């Protein structure tokens, strides 16, 4: 149950604060299982807001809750987020075209990202289509 006021707080060091907050609100409103959190990325001092949780991905007439983490850089939305698939203990990363060994996601949408054409809602829409065709994680057989 986060609020825009709290989100603005998390992005005090960001270059485009309202734009980041506005899009975060749009994302967590449509995708109920994505939660905003202020955490450290790589270094304890590199605090950034990220959206963690799952997104609904239909795969062959069945919906799966794919675990992801979207790190919003302090330059969002002018630079793309850094995205990862976060496998749980019951699954394994499927390294392939759009996902590397570390679970980092690669997509044309991210590679050519540019404001205002690119946004998080558009990105997640792409993920749903792409992952629906080629799941980035699979359950342990």
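Positions refer to the first chain, counted from 1.
Legend entry - 100 to 108 or 27 to 35, whichever carries the higher mean Cα B-factor: For C-alpha atoms only, the mean B-factor is higher in 27 to 35.
Inset, instruction - Averaging the C-alpha B factors as listed in the entry, name the stretch that ends up higher: 87 to 95 or 43 to 51. - result: Higher mean C-alpha B-factor in the PDB entry: 87 to 95.
Legend entry - Options 116, 67, 80, 58 - largest CA temperature factor per the record: It is 58.
Legend entry - Ranked C-alpha temperature factor of residue 9 among modelled chain residues, by third: Its C-alpha B-factor belongs to the highest third of this chain's values.
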